[PDB]
């Protein structure tokens, strides 16, 4: 009952160093209504593990069990296993959904794989189906998965395995690969990837997840906003309550061609310089942005896009803070959507000692607070960056 807080946990986050080191036990059992494990993998057309670390062997407990152990403290919590993602690619999905034999093989591999490891569902993260064949076969996959789950649930007398999917916000991707009515019908809920609207693949600075598009955007670009994307999914046949709106605990970075031209849609030479912990050009975790803001960085609130960006020299980072997150929760409630999804749970200020507010999971905590009325704590106040950081 109520709004969902669907949190993505990424296994590779186990490899991060110092402030960036994250383990399943760092997740508060009551933080999320759902936890999605990213990722599973595909082996010989069957559901399998990314690597042996996820699995439990020889007394050594794997990441699967450590994630699912949170349900012992919070029996209300739901966990799902995600298959797909950026690394996974498209070809394996094309092969899996091309024929009924391959689909059925995957499905009947997937059911016991999930049951034996105490997962409550499956999350499909195909990035992305493209073309008529993919469009039709994706629907067939979701359909047959759903019917198999429905049947299994009644046969074994257990709560039905959930079927969800992570879907894009780009109009062309949506049009090319997604038969929205059927897709929405066959899924329990829909994880809208409301981020990566803009990034280093673009010549000018743009926000990672603008609620509304800036007036400087061309007519085509203006489609690239959370509001437009969500309402687009509704327009195409997706029920509002099934749309779980994505929220990034990360920001997209650029290097300015000129440090004096630092507004949105300003010329950039490329991606921003890589962070210490995520180690990827054009990308920053939220706590890295916090580090920037507490060490000379300038804070700018864009009131058109309802989102902040930070500037340090020629480094420009479009990100989400407690303010923009809360505003987005209000937007969610105003539009009657199903809740908030999070990418990720391991890039929030999970330790509570980086951003300054001394609050563990300030962003996701804010989401849970606005949507579900659970306080983050007695003296838990948002960081007012406009006062804390420098101005332009």
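Positions refer to the first chain, counted from 1.
The stretch with the higher mean CA B factor, choosing between 260-268 and 122-130, is 260-268.
Set 40-48 against 362-370 and average the Cα temperature factors; 362-370 ends up higher.
Comparing the listed residues 276, 314, 241, 116, the entry records the largest Cα B-factor for 276. Which of 188, 219, 179, 320 has the largest Cα B-factor in the deposited entry comes down to 219. Placement of the Cα temperature factor of residue 199 within the chain: highest third of the modelled residues, per the deposited record. Ranked by Cα temperature factor within the chain, residue 66 sits in the lowest third according to the deposited record. When all modelled residues of the chain are sorted by CA temperature factor, residue 385 is found within the highest third. The entry lists a Cα temperature factor for residue 339 that places it in the middle third of the chain's modelled residues. When all modelled residues of the chain are sorted by CA temperature factor, residue 83 is found within the lowest third.
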